[PDB]
Amino acid sequence: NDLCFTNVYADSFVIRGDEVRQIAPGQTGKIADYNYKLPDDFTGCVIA
Amino acid sequence: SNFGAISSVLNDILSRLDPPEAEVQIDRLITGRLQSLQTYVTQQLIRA
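Which chain is which? The protein sequence lines are A and C, in order. Position in the first sequence counted from 1, then plus 387, gives you PDB author numbering. Position in the second sequence counted from 1, then plus 967, gives you PDB author numbering.
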């Protein structure tokens, strides 16, 4: 809560519990595999 | 010389590692090579 970001996205899903980290830069796995992906930048959070 | 990375071949770094980190090894090689070029050109100037 210091700068103003201009645009944010409401992105969400659910996981296999096991990989509560698949959502991470380049960090691999079935979600980063044929389910989803994260940019190497991803100025964001995996708040979950 | 691998300047402290795993190896000194670019085709070898990509084939055993994931691009999240790969950049670090690559950057290492980059820095080393770059310094080498600097040294060569500087001594060339002095000799010239």
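Ideal placement from N, C-alpha and C gives every residue a C-beta, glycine not left out.
Taking a contact as a CB-CB distance under 8 Å, the pair C/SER982 and C/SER975 does not count as one, their CB atoms being some 14 Å apart. Of the other Cβ atoms in all chains shown, 16 or more fall within 10 Å of the Cβ of C/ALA972; this residue is therefore buried. Listed along the chain, the chain C residues whose CB falls inside 7 Å of the CB of A/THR415 are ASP985.
For A/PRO426, no chain C residue has a Cβ inside 7 Å of its Cβ, as the nearest lies near 11 Å away. Here the alpha carbons of A/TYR423 and A/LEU390 stand approximately 28 Å from one another.
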